[PDB]
């Protein structure tokens, strides 16, 4: 009789299927693509999927196929995934922030007078980044990076110089996808790097603030569209989506700002933490709200499109590179747990995971219960091969580990600010009717509208009319931003490693997810020592800072206090928020491109840095409540479930 545990180095199903197989081998089925209407052939099964995959390559009628085919063989996929990884390491997609020489001297902006000899480490510490596992070069003053293979300086993982769309080293530094999407757990002596472990430590606001005070890349230029944060390990990255229609023609990606499609009063979505790329292969949808099909890469393209230096053709023309990025992400598997596991305890956990009804014996009466068996599995997915072969649990064994449930907010009840991001029909319609929704697949679509500002102004008006309930103007595409209803229950493969948890990174360990009463409202992880100069302590990421029992960061609880003399200053209310917490780069970028009053990024002070280094659940969007149906568990059930998660 099949195993309960399923520990695997190779998790990604295409990589499982291609392992040791020649290039010409027909690619394995992507199980995410099986999650379509009809999948739930047993309506009484423990798990009922509700977030369906949408195939944009061969779209439902009346849409037409206009995308190059996805890979059809193991060799095609592997070559694509290699190109994806090279793109992540060397291509400058994300908006450049600073000249290489300004970055070389950025200790000036930290308040140092001369370069400390630990400069390269202090960069990592200050900004919550890591020593990169690849050569990540930038040119020292005087060096021409196109004669010196990028330069002899090295950047941390998370920053990039890279190569522009003409294949040349740019001489400019910005963030990379890895600033948010990647991190090290364990020093490089303790652990190899694996892609797709979301960053718990990055401070996006502090990098933006520092960079803003360097020599402008463009002398008179506008503020840059770049993300901010209230602290570390989450950011307003997703705020970009709301910003997009303010700056860019939504059909052509021409930079042509307009008032007509920007809802300037959509509520701020809060901070979100990056989901884990290394389980992309199990997720039918993108984004914390499950809003888009995982077949789509236009969402993955946002930061490359939002770069102010590209023209409409170049922005749209990033698509091939992003399909290769996407294939690298689907090729990923999570790191395997590096410590000891009690196999028998993990098997008790496996059972609890798949079978224990959290609403059993009248528990959690006040939390609406979804269709299914009330177990972890009824939302997150079925992991156990034994349960995967049982139609009381899963209708198809190929669906093992698939996360395709968006849990309604009335049940999940975690911080709701993020689920309001595209709540307004007007916003979704702007998206639905253009390039973002792949409206080139409409049967009514001819060609891209003209790439010119006058014509872009012409089209804005009937677009806004459609957005507000009027006649169709631009055709609709199949890559619809779904109306939000809740949050995706994400894959727990790899979750051992990815603390802190929930979409806002508010809960520092798995125990806390499992026991709401033990979640600290404010919590501080172990820091590194300050560097030479006495500043830039960072978050320590060595194994000693991780909690191998409760599965998460070691932390010290801290009390909120509105007294101004306290340090770190950690208010009990979002109302006492300081200027660095309230700032929105996206808001001011929009204001400035729309010829409205705008506020430039505040210089973030060292006292504010002290507060950004502690997680505060009281800030807007930062609540640590929710997923409370785990309170019905016993502590014995919780330890078993933790041991089981170690095996995922």
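Numbering follows the first chain given and starts at 1.
Undergrad: Going by the mean C-alpha B-factor recorded in the entry, which is higher: 419-427 or 453-461?
TA: Higher mean C-alpha B-factor in the PDB entry: 419-427.
Undergrad: Averaging C-alpha B-factors over each stretch, which comes out higher, 207-215 or 172-180?
TA: On average, C-alpha B-factors are higher across 207-215.
Undergrad: Which is it among 405, 441, 266, 132: the one with the largest CA B-factor in the entry?
TA: Highest C-alpha B-factor among the listed residues goes to 266.
Undergrad: Based on what the PDB entry reports, which of 538, 552, 151, 365 has the top C-alpha B-factor?
TA: Among 538, 552, 151, 365, the highest C-alpha B-factor in the entry belongs to 365.
Undergrad: Sorting the chain's modelled residues by C-alpha B-factor, tell me whether residue 400 ends up in the lowest, middle or highest third.
TA: It falls in the middle third of the chain.
Undergrad: Can you tell me which third, lowest, middle or highest, the CA B-factor of residue 512 falls into for its chain?
TA: Middle third by C-alpha B-factor.
Undergrad: Based on the entry's values, in what third of the chain does the Cα temperature factor of residue 67 lie: lowest, middle or highest?
TA: Its C-alpha B-factor belongs to the lowest third of this chain's values.
Undergrad: Per the entry's values, where does residue 390 land by CA temperature factor relative to the rest of its chain, in the lowest, middle or highest third?
TA: Ranked within chain, residue 390 CA B lands in the highest tercile.
Undergrad: Ordered by C-alpha B-factor within the chain, which third holds residue 56? Give me lowest, middle or highest, please.
TA: As the PDB entry reports it, the C-alpha B-factor of residue 56 lands in the lowest third of its chain.
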